[PDB]
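Coming up, as structure tokens: structure 1 and structure 2, two forms of one and the same protein chain.
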Structure 1
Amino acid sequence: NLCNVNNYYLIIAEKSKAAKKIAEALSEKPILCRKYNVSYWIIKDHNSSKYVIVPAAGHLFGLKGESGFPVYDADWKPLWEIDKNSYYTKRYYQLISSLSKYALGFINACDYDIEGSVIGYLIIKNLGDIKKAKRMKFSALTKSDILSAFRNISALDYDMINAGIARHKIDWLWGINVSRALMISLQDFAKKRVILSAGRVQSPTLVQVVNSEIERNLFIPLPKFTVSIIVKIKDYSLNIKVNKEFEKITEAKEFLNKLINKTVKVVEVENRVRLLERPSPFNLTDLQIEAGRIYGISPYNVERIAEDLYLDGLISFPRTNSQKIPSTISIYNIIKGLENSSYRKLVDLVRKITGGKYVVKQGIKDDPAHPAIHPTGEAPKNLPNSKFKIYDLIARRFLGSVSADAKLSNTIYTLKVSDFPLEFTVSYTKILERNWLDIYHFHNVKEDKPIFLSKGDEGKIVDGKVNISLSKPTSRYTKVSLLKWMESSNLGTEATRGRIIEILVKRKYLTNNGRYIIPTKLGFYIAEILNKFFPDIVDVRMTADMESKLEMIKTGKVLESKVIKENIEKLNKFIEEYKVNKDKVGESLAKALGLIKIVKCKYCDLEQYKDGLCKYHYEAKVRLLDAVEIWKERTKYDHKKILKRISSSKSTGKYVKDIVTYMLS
């Protein structure tokens, strides 16, 4: 049988598609084999050496520690021996273990990042011979990249491996201990056993939602005033908002008074042609943001649809931060694949506006292991509309990036009020060449109605208004805008961000208020408890500091052992200081879950704090009265008018509106 083979080198890939692609790169007829119901590949013909290519399935090993508190040591163990979720990995473990027995040497061909180095290391270490190990380094999954990596096989980068291991240790230490400190404190106080968690990523994310929700529910809009004018010039009546703001309504009224009756004169005309840049290809964060804005799909669902499309061979590997396509990726093969599909009409358009040359508009962000998300060229069949909407975004985004920047004709009129130092512009845009706007057609570009003015034309300011504008709070969070905030803060990875948000929901820390996501009462107190006794775990700075130490490990500037001991010092010091207050923590937690029931606020479910009000409803009144004074000085309105306008604004925090409502009776 063809699948019998001896004296080969064992090439370990991170996933089954990567293994297949490597096998296809090294032989034109690689041998498909099957054992423990896992596919693997034999190469009998690559330059007179034998190779077996076997996929892992993500991590096959994970840290495992003792039970109890606190625990400052853990061991790598088979994931299936500890986690019944990842029982899926056992058959991969068994296959690789079997194949390692006859192998002459081992090559880690997992993805070229910190986690890939660890996955392959632990597999070779525990199932193979780490003394006979080498590394394959490729940043894309093309034959050229793979065969070049294969030719340039090097020794293991232990600095990269140790950074990866350090990341696991740090996250295990803080995640497990602090999560246990939460559960153990409640257990000793309330004699209740509930699942509570904290972590380097999930907890700064919870606190962000909680802090924003607090400031928002306490927000009072403050008033400012701007002036708009009516300009009669020739057949035209122009309504112009003057770029000047006023705190006091009286100085806005004096400004408007000084503009009315004055003459305005066109002093400059500029006809300029602007290029509107075509988009770059998607990274997962861009795709999540766009799919959210255009279709309302949640970032966790976008991640899993993108995965299904990639498992179907329709798009490249989606868990990528890159917005770049490297030169080893055949654009021609994608375009001609998309020609043999329903997109051929758009391809013909791209071929037209480019003169037949497809140049990717390379984005800024990179990824060491993968290029940006792009269609493979394979034509889809039987995509439910939800999976087609994602595929179409990716394909039109890629096709748009290989097309042409759009051309805009801007007519800009500079008008000056004669007898006053005030200039202001009036402009309309007309789209010369839509170009990518017809391909990635998810961008509305406003073409105003043309206005024909000439240098020397004059008009009168015949009217105007003082316009009030009320200040605005921070916006509410959606799952996608939270995703965006995490990426912006460098929390999580393309894979974990969606999932970690869903963890915060499953722990009942956050919940869905329709479109939005809002903290629960449990979430509120967990943020407070964690900021009080474990503030490091609640700041995005912990990830920044950890990333910095990890880059030092990767570059030979520090030892993993130091970083872990330092981490243990900080955690333990908090652990010591914690288990004195550990019954207050359980107490706060007991209140958090509604076990210590309490006297409720006059207006909500929170615990009353002063004058019959919870601490936030009390602060809402303090802040309201301060604001009401500011409104008085600025607007000259009477008290009832101020309240009723504050009660009218969607910007007004809920807690404030409860008090205003009451003040109005």
Structure 2
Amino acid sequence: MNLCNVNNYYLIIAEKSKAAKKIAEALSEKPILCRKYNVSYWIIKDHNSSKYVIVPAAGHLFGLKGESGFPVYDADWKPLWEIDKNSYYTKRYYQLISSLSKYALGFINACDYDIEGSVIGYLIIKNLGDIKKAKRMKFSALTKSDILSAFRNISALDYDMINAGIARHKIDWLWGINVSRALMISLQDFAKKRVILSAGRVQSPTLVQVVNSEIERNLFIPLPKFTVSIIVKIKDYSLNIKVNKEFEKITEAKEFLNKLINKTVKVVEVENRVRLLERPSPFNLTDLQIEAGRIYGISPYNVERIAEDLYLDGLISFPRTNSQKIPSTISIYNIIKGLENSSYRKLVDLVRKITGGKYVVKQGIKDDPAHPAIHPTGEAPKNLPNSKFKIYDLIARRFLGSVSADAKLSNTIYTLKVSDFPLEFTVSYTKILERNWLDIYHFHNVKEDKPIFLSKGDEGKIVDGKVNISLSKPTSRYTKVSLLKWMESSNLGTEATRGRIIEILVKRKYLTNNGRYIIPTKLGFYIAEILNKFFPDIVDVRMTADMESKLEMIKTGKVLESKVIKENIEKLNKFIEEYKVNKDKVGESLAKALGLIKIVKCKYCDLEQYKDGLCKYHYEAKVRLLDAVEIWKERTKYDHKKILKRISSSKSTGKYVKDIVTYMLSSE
């Protein structure tokens, strides 16, 4: 008897070794571990009358190959070991599957339940097996019951889903290859040096967004306004109140403050109310990335990778989802009972106490009807490495928080009417009455104020106060989380790809990490400006989202993949035309960028001068400065030197402006 000898079997293709193992244990109490080409795979002789072999793909086994040089109109699937030397290790997975496929009765794609898994399984079965004998397992968690359920409900492959993923891969590859070679070729022909440059259908509009926002930030000048704070003596309290009215000119604010001193104020309304602070909804992937970035500093790409690992451990549901809902087809009770039998037992006892034993998900807005929100399966976490445990604990507490109870806050608002004036201002304080979910998803601080006890009709006096200057503020620099939110909001990429695009931008050195903020490098800056200057259509956020909408329509059967491919060729042909025209200037710009041809540098940076010895950005900085100073003068009456000092001292002031300002203060 040969343990690993089998015939007349269905071949089940899984994406990862852990998923293959999980599927084997779902199908048999004694699955057989085999090894060939140094790859572990599983034989199921036990399940019903049929036999099964479960093999991991390890990831993509196929990649796109096209023409060399520029332009590239074609993209065809080839084994990755043949076309990508960083992927020759996959050859052994390719060999195993090809060997097991010849003697197979049929094929089951059990890759992950997203578009990538549909493509991976399709390419493998189509090329190594028989596509006409192909079925799809669609599961959202690697629990025995979810796997068995999907095995029982095996369906045809979803060719519309497959075509949507193929279309996105081919269109992404075609745009990246063509634009990146067009850039490198224009430099080779103009400076005779070859440097590696990259571009992407989503990377490039993303880099342009960041560069444009960094320019705007670097040209920002805080403008002044004035606020009035008053001190109200009423009963035993001394209340510092910031008045809700703002003033452009300092004289209007002084006027306003002085007519309030020594006036009487009367409590004319008291409002005591209990406010709800709703328990959170279960994570979709973006929400998880956002929260794990804020709390632990884990990058979006790593959050997704870690969540995928936890799903492969059977600990959470599949994390590539937009949904913030848990439908009734998911047993909350089973999850809760699982967590009760784990290190989360005491947290579950607390949720039981908070709810009385009634566990109701606070359903979020976003849906994804085939892909529920991220939640724990109820299987017990054990021995989790550090970053894994942080992510699992986030997901578990978010879920447990979502089935607990809304928090309650007591609010008291006093309305105070000034004597002789049509003006009334408020004093308010909030206290936590019931913490509830705040003790479960304990990552949300609630500001509490010391109580203030006043009755309707109580009177006091405004005894003192101050006019205070308030400087306008720049839009914040991007964080990874903040950039990721912009991508989601603009519908660039998918929630599965956005985190990787951000990481690819850093790896290829167009972006860099300055603390929590992600800023351009010089190279990223130049590439963004070049793409902006010469190829605005390919970095237009609206047109990128347009393409995203067409890709989404392939999934529904509403548009043909072949039609999106044709339309993309049309777009490439338009890029080709624009490239022939501008190629020499594109190459010249790239040359200046890397110091390859000497330029007359700006007085304050390395960019090429534009006017007055200033680059285009420092020149705009000066224009903005002159106008901002005028606004400062009209509003504050400060003299020139003092306005400059106040702009120079504010960290809101862009660096281009700050260069100009420091110069003018150094002048004589």
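FYI, numbering is relative to structure 1, first residue = 1. Between two forms, the rigid core is the largest collection of C-alphas that superpose within 1.5 Å.
Chain form solved in complex with the DNA: structure number out of two: The form solved in complex with the DNA is the one given as structure 1; the other form is structure 2.
Single mover in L287, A166, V227, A306, with Cα shift of 2 Å or more between structure 1 and structure 2 when the core is superposed: Correct option: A166.
Core-aligned C-alpha movement of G337 between structure 1 and structure 2 reaching 2 Å: For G337, whose C-alpha is compared between structure 1 and structure 2 after core superposition, the shift is less than 2 Å.
Cα displacement of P450 between structure 1 and structure 2 reaching 2 Å, rigid core superposed: No; that C-alpha moves by less than 2 Å between structure 1 and structure 2.
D45 C-alpha shift between structure 1 and structure 2 of 2 Å or more, rigid core reference: Comparing forms between structure 1 and structure 2, the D45 CA shifts at least 2 Å.
Value in Å for the CA shift of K508 between structure 1 and structure 2, taken after the core is superposed: C-alpha shift for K508: 2.9 Å.
Rigid-core-fitted C-alpha displacement of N271 between structure 1 and structure 2 (angstrom): Displacement of the alpha carbon, after core fit: 1.4 Å.
Rigid-core-superposed Cα shift at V118 between structure 1 and structure 2, Å: In the core superposition between structure 1 and structure 2, the C-alpha of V118 moves 6.6 Å.
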